[PDB]
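Protein chains in written order, with our numbering: chain A, 1 to 169; chain B, 1001 to 1213; chain C, 2001 to 2039; chain D, 3001 to 3093; chain E, 4001 to 4240; chain F, 5001 to 5228; chain G, 6001 to 6128.
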C-alpha cells in the first residue's frame, strides 16, 4: 500500500530488503511473536542471542531505535538495529556462565528480593540516564521488558519514544 | 518375578554407554533405565552400586566416600557386571551420568549433553598444557631410536593380499565410526578429569580442515 | 530401611493423580515405580 | 539437601577491593644496529671421473628457489630479532 | 544432465536420437571412486599391519600398550607408525632424523586431553610424548563392529546393484585405524612444528583450523580421514 | 599480513611468507630488551644507593623519624637520577633544594605525599615519611604469577642481601619519585599554576609531555587498569 | 663448478663450533685472518656461524612416447656456495675499492670473471 505525488501516483510494492526469520517464536517469550529466540549455534553452554521485531516508528531522526539512548556499559555482549522495510530487528548477543541463565520478566514471581534489587538497579540507572527536560513515552505496556540471570540483568528492546522538552528560563 | 536376562542386558548396555567404552550407539528409553535399576535392586552383589545410584538422586554435588575394601568390592562388582581393566574414574562417570539423568525430566526427545558434574576449580587448556609441558620436559626420555631407522615394510605381496582378503568383509565405515567415537570419548574424558573446558568447536574444526584439504 | 518410604508414597500418589488428571521428572517416575515395587 | 545448600553458600565468593591489574611499530634503523654489532665484533691460524660421479648423483629451478627463500627468510628473521627495518636485498640479487 | 547422441546414415535423412541420463554414469564414477578409496585404505592398513608384524610384535597392539615395562617396544611401534605416515605423505622419504627420543606419560598430571601424543623439542632434537594410559583406555573401549553406520534412492541402488588365514578380527582393524588416525593428527601437529616453529606448533594445537591454512597448501597437493566426512550428531543444536 | 615472494630464474615458483612470525620475533625481542634495560636501570640506581653508604635498609631509612638529613639525601639522589633519566646530559640539580618531612595525614595530601611548593624564594619538598612507610608496609605477592593465550602458551613452551621484595620497594619508590618529578617538571616549566593543575588532573601530563619526554619511561613498559 | 667444488672438498663442520679453500677457488673463478661470531649482521674474515647454521639446517606427448619406447644436500651446498660467493664479492670490493667502498657495498648492493661465478647465472626476486 504505497502511493506517490506523481500524477499516476503508482502503487509501489513495499519490497523488504532482508529475509526475516521464518520460525518467529521465543521460548523466553512464547506469546511474544516479535520475540525470536536464537540460542547461537556455538559458559558457552548457555550462549544466547535474540531478535525482537518492532515497527520502525520507534526510530529517531538520526536513524536510531529510541530506547538505545539510555544504555551505557552495556553488559549485553552485542546489540544493534536492523530494518526490513517498516519492520525492524534488534539482535543481542549474550553468554552467561554454565550455572547462569536469563529468564523473562514475564510472570517471574521471584522471591529472591536481592535479585529484584539488581533488576531495579539496572532499570533505575537506565532511566536515570534520561534528561530532565526530555520526556519519554512507551507504546507497548506500562513497564519495560527485560531478561535477567541472577548474576546480571539485560534490558530488552522496547517500544520507546524520545520527545524533548524546552523549559523557558 | 521378572526376567533377569533382559534386566541384565539393559543394565550392561546402559553402563557401557555411560562409561563410553562401547562405541555402539543406541537410544535408551525410560523403560531401559527402569530395567537397569531394577536389575540393580535385584543384584544383591551389585547392591553397593545400587546404593550409589540411590545416593545419586541427592544434591548431585556430593562426592560419596567409602573405605578401601568397600572400594575394591565396588570395583569387582562393576567389573563382574561389565565383564570387560576398570577404575574409579569409571565409577565417577557412572555417578555423573545417573545424576544428569535424574535431574533431567521426561521429554519427547533425547537431550544430547556433554560430560560435566565432575570434581571443582574450573581449569583452562592453556595452563593445563603449561603444566604438562613442564613435567614432561623434566622427565627423561626413557627410549632412544638412533639413525634414520629403516622402515620394515613387509614386502611379501601375498602376505598383504591375505591380510586384504581377511579385512575385505570388514565394513570400513563402521571402522571410521568406532575409531572416531573412541578417540572422542578419550579426549572428552581427559578434558573432564583434567577439569579443562572441552572445546568441541575446534575438535570439529579438525573435521573442517579435513574437508578443506 | 532401603528406601525412605514416605517420599515414595508421595511421589507415586502425585504422579498417578496427575495422570488421572490427564511438572514432574524422570527420577520422580523412578521413585514411584520403586514405591510400587516395595509395596 | 539443606547441608548441601549451606555447602554451596560456603562455596560462594565474597566482596573484594579494586586492584591495579597488569597487562603485557618503530623499527630500529640499520645504522645503530650495525654500529653496535661491529662494536661487539681471532681464533684459527680437477678430478674428471670423480666430477662426473658427483654430477650424476634435481630441478635447478626448485633448488635455487629453496636456497633463495631460505636466505630471504633468514634475513627477515634477523631483521625481526634486531627490530631492524627492512630494497637493498633486491640490490643483492 | 542429458545427452541426446544422434545415430544416422548420411545416405538418407533417416536419423535416430538417444537421450542418455548422465546421472547413471556419474553414479558409476562415484561407485568406482568409493571402491578404489576403500581398496587403497584397506591396503594401507594391510601394509601397516604387515610391517608391524615384521616389527616382531608378538603380543597384539592392545597389550603392547598394556605393557608398561617394554618401552623399547613402545618407542619402536610409535617410530614405525610415524614413519609409515610420513611415507604416506612422502613416498620418497622412508627415514627420519638420525637421533630420536620417546617419552611416556602415565598419569593425568602428565597426560593432556585432545592430544595424548605430543612433541616439545629439547632444542637439539624432537622428543615423542606418548600417553600410554590414554591409548590403553582407547583400545579398551568396547567396539561396535556389527551395527552398520551411515540419499535413500541411491542407497537402495548401490545396495541392489552391489551383487554381494592368521587369526584377526575386525576389532583390531578398528584398533589400528584408531592408532593411525591419532598418530596422523599428531604428525600433522609435528609437521606444523618442523615447518613453521614451536610457536606455530603451539598455535596450531590450540587452533586446528590452522591446519587448513598450512596443509591446504601442501597436504591437499589427501588425508586417510578425508575419505569420508565427519561431524557430531545434531551438531547444529549441540553448538547452542 | 601475507607477503609472498616469487623466486625464479619460465618455471616460476612462488613462496608465501607470514608476517606474523616476524611480528612475533620483533615483539619478543622488544620485551626482552625493555625488561633488560629496566633491570639495568634498577641495578644502577640501587648500586649508587649502596655507594650512598646506607648501611641500613631503605625501610630503616623510613624508621628514622628524626633523621630527615638522609631523607633529603635520598630524595635529592632520586630526583637528580630521574632528571638524568629525562636529561642524560644533566647529572645534577639546581644549586639548592630545601626539604621538609611531613609526618601526618593533615600534612600529607592524598595521592601526592611528595610535593614541591615554593616558599616564595625556593622550592621546598614536602614528603610524608609515614605515608611512604605505609607504601612499604604492605607485603608483596612474590609467589603467584601476574598477567594473548596462544602467545603466552607458546612463549611458556619456549651476593649481598637483596630480595624480590626489596626490588619491589625499589621499583615503588622509583615510580613514586618519578611521578613527583613529572609534577616538578610541570612546576619548573609552567609555574605554580600548571604544577598544581597537573596535580589535580594528571591528564595534563599527557599534553605537557608530548612536547619533551616523548621525543622513554619506566612505567611505559606495562599498561594498568582496574577491574570491571 | 658445483662438482669441482664438491671434488676439492673431498653442516657438520658448522656443528662443531670449535672447528672454525672455497675462497681461493672462487678467486680463481673470478680471476688472511679468521674469526667466527656466535651472536650477527642481519685481513680478517668474520663468520656469522649461527647464520650459516640457519642456512644449512633450514611435454606429456614426449613422455608417453618415451613410455611406449620401452638432493637436500645439493640445496644446502649451493646455498652455502652462494653465500660464500657473496662474501667473496664483498671481500673483492674491500680489496679493489677500499674499506669504505666495501662498507657502502654492504649497505647498498646496487653498485654491483663474473661468468664463472654462479651468482650471476641466476636471478632471485621478491614480491610484496
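Quick reminder that beta carbons are idealized off the backbone N, C-alpha and C, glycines included.
Report task. Leaving out five residues on either side along the sequence, give the residues of the same chain with a beta carbon under 6 Å from the beta carbon of residue 1016 of chain B. Result -> The count along the second chain starts at 1 and reaches residue 1016 of chain B at position 16. Taken in chain order, the residues that qualify are 1022.
**Report entry** Bridge partner(s) assigned by DSSP for residue 103 of chain A
**Finding:** The residue you call residue 103 of chain A lines up with position 103 of the first chain. Partner(s): A:148.
Report task. Just the chain F side, please: which residues come within less than 8 Å of residue 3076 of chain D by C-beta, in chain order? Result -> In the fourth chain, the residue the question calls residue 3076 of chain D occupies position 76. The contacting residues are 5017, 5022.
Requested in this report: Can you tell me the Cβ-Cβ gap for residue 5099 of chain F and residue 5071 of chain F, rounded? I've got them flagged as a contact below 8 Å.
Outcome: Locating residue 5099 of chain F in the sixth chain gives position 99, where the first residue counts as 1. Locating residue 5071 of chain F in the sixth chain gives position 71, where the first residue counts as 1. The pair is a contact, with the Cβ atoms about 7 Å apart (cut-off 8 Å).
Query raised in the report: Mind checking residue 3018 of chain D: buried by the 16 CB within 10 Å criterion, or exposed?
Result: Working through the fourth chain from its first residue, we reach residue 3018 of chain D at position 18. Classification for residue 3018 of chain D: exposed.
Query raised in the report: Between E:4036, E:4009, E:4001, E:4195, which lies nearest to residue 4020 of chain E when the distance is taken from Cα to Cα?
Result: Within the fifth chain, numbered from 1, the residue matching residue 4020 of chain E stands at position 20. The shortest Cα separation from residue 4020 of chain E among E:4036, E:4009, E:4001, E:4195 belongs to E:4001.
Report task. With a 10 Å radius around its C-beta and 16 neighbouring C-beta atoms as the bar for buried, classify residue 5050 of chain F as buried or exposed. Result -> The count along the sixth chain starts at 1 and reaches residue 5050 of chain F at position 50. Its Cβ having fewer than 16 others within 10 Å, residue 5050 of chain F is exposed.
Requested in this report: Note down, one range per segment and in chain order, each alpha helix (DSSP H) of at least 4 residues found wholly within the region 4184-4208 of chain E.
Outcome: 4198-4206
Query raised in the report: Considering only residues of the same chain and omitting the five flanking positions on each side of residue 6043 of chain G, which have a CB-CB separation below 7 Å?
Result: In the seventh chain, counting from the first residue as 1, residue 6043 of chain G sits at position 43. Result list for residue 6043 of chain G: 6032, 6033, in chain order.
Query raised in the report: Quick one, which of B:1188, B:1045, B:1199, B:1146 has its alpha-carbon nearest residue 4095 of chain E's?
Result: One-based indexing of the fifth chain puts residue 4095 of chain E at position 95. The shortest C-alpha separation from residue 4095 of chain E is found at B:1146.
Query raised in the report: In chain order, what residues of the same chain have a beta carbon less than 8 Å from the beta carbon of residue 2015 of chain C, not counting five sequence neighbours either side?
Result: The count along the third chain starts at 1 and reaches residue 2015 of chain C at position 15. Closer than 8 Å at the Cβ level, and outside the excluded window around residue 2015 of chain C, lie 2024, 2028, 2029, 2032.
Query raised in the report: CA-CA distance, residue 5156 of chain F and residue 1141 of chain B?
Result: In the sixth chain, counting from the first residue as 1, residue 5156 of chain F sits at position 156. In the second chain, counting from the first residue as 1, residue 1141 of chain B sits at position 141. For residue 5156 of chain F and residue 1141 of chain B, the distance between alpha carbons rounds to 21 Å.
Query raised in the report: What is the DSSP secondary structure of residue 4241 of chain E, reduced to helix, strand or coil?
Result: What is shown of chain E runs 4001 to 4240, which leaves residue 4241 of chain E out entirely.
Report task. Return the chain-ordered list of same chain residues with a C-beta closer than 7 Å to the C-beta of residue 1194 of chain B, the five sequence neighbours on each side being excluded. Result -> Taking the second chain and counting its residues from 1, one reaches residue 1194 of chain B at position 194. So the qualifying residues of the chain are 1123, 1128.
Requested in this report: Measuring only between beta-carbons, confirm whether residue 3017 of chain D sits less than 7 Å from chain G.
Outcome: Position 17 of the fourth chain holds residue 3017 of chain D. It does not: the Cβ of residue 3017 of chain D has no partner Cβ on chain G nearer than 7 Å.
Query raised in the report: Roughly how many angstroms lie between the CA atoms of residue 5147 of chain F and residue 3022 of chain D, to the nearest whole one?
Result: Position 147 of the sixth chain, counting from 1, holds the residue named residue 5147 of chain F. Position 22 of the fourth chain, counting from 1, holds the residue named residue 3022 of chain D. Each residue's Cα considered, the two are about 6 Å apart.
Query - Cβ-based neighbour list, residue 5028 of chain F, same chain, cut-off 6 Å, excluding 5 preceding and 5 following - result: As a first step, residue 5028 of chain F is located in the sixth chain; it is residue number 28 there, counting from the start. Once the five neighbours on either side are set aside, residue 5028 of chain F has no close Cβ partner at all.
Query raised in the report: Which of helix, strand or coil does DSSP assign to residue 10 of chain A?
Result: As a working mapping, residue 10 of chain A is identified with position 10 in the first chain. If DSSP states are grouped into helix, strand and coil, residue 10 of chain A belongs with coil.
**Report entry** With 16 other Cβ atoms within 10 Å as the buried cut-off, status of residue 5265 of chain F
**Finding:** There is simply no residue 5265 of chain F to check, as chain F begins at 5001 and stops at 5228 in what is shown.
Query raised in the report: So the alpha helix (DSSP H) residue 1127 of chain B belongs to, where does it begin and stop?
Result: Position 127 of the second chain, counted from the first residue, corresponds to residue 1127 of chain B. First-last of the alpha helix (DSSP H) with residue 1127 of chain B: 1125-1137.
Query raised in the report: Does residue 4239 of chain E have its Cβ less than 7 Å from a Cβ in chain A?
Result: Locating residue 4239 of chain E in the fifth chain gives position 239, where the first residue counts as 1. Yes, because at least one Cβ of chain A sits closer than 7 Å to the Cβ of residue 4239 of chain E.
Query raised in the report: Can you name the start and end residues of the beta strand (DSSP E) that residue 4102 of chain E belongs to?
Result: As a position in the fifth chain, residue 4102 of chain E is number 102, starting the count at 1. Residues 4100-4105.
Query raised in the report: Can you tell which of E:4039, E:4202, E:4234, E:4135 has the C-alpha that lies nearest to the C-alpha of residue 5021 of chain F?
Result: Working through the sixth chain from its first residue, we reach residue 5021 of chain F at position 21. That would be E:4202, whose Cα lies nearest to the Cα of residue 5021 of chain F.
Query raised in the report: Whose Cβ in chain D lies nearer than 8 Å to the Cβ of residue 6032 of chain G?
Result: As a first step, residue 6032 of chain G must be located in the seventh chain, where it is residue number 32. Ordered by position in chain D, no residue passes the 8 Å Cβ test against residue 6032 of chain G, which lies about 11 Å from the chain.
Requested in this report: Spell out the partners DSSP gives residue 1176 of chain B in its beta bridges.
Outcome: Counting from one through the second chain, the residue named residue 1176 of chain B turns up at place 176. According to DSSP, residue 1176 of chain B bridges with nothing at all.
**Report entry** 7 Å Cβ cutoff met for residue 4174 of chain E and residue 4143 of chain E
**Finding:** In the fifth chain, the residue the question calls residue 4174 of chain E occupies position 174. In the fifth chain, the residue the question calls residue 4143 of chain E occupies position 143. Taking 7 Å as the Cβ cut-off, residue 4174 of chain E and residue 4143 of chain E qualify as a contacting pair.
Query raised in the report: Which value, in whole angstroms, describes the spacing of the CA atoms of residue 2019 of chain C and residue 2006 of chain C?
Result: Mapped onto the third chain, residue 2019 of chain C falls at position 19. Mapped onto the third chain, residue 2006 of chain C falls at position 6. The alpha-carbon atoms of residue 2019 of chain C and residue 2006 of chain C are separated by roughly 20 Å.
Query raised in the report: Helix, strand or coil: which one does DSSP assign to residue 5144 of chain F?
Result: Within the sixth chain, residue 5144 of chain F is the residue found at index 144, counting from 1. Coil, per DSSP.
Requested in this report: Evaluate the contact criterion for the region 103-113 of chain A versus the region 25-35 of chain A: three or more CB pairs, one atom per stretch, below 8 Å.
Outcome: yes
Report task. Please say whether residue 6125 of chain G and residue 5003 of chain F have beta carbons closer to each other than 7 Å? Result -> Position 3 of the sixth chain, counted from the start, is the residue given in the question as residue 5003 of chain F. Position 125 of the seventh chain, counted from the start, is the residue given in the question as residue 6125 of chain G. No, these two residues do not count as a Cβ contact at 7 Å.
Query raised in the report: Tell me, which residues are paired with residue 55 of chain A by DSSP?
Result: For the purposes of this step, residue 55 of chain A is taken as the residue at position 55 of the first chain. Answer is A:87.
Query raised in the report: What are the start and end residues of the alpha helix (DSSP H) that includes residue 4137 of chain E?
Result: Working through the fifth chain from its first residue, we reach residue 4137 of chain E at position 137. 4132-4140 is the span of the alpha helix (DSSP H), which, as asked, contains residue 4137 of chain E.
Query - Contacting positions in the region 32-45 of chain A - beta carbon closer than 7 Å to chain E - result: 39, 40, 41, 42
Query raised in the report: Using a Cβ-Cβ distance under 7 Å, would residue 5062 of chain F count as near chain H?
Result: Absent from the structure: chain H. Protein chains present are A, B, C, D, E, F and G.
Query raised in the report: For the alpha helix (DSSP H) that contains residue 1203 of chain B, what are its first and last residues?
Result: Your numbering for residue 1203 of chain B matches position 203 in the second chain. Note, residue 1203 of chain B: alpha helix (DSSP H), 1200-1212.
Query - Cα-Cα separation between residue 2036 of chain C and residue 2012 of chain C, rounded to whole angstroms - result: Translated into positions along the third chain, residue 2036 of chain C becomes position 36. Translated into positions along the third chain, residue 2012 of chain C becomes position 12. When rounded, the distance between both Cα atoms is 8 Å.
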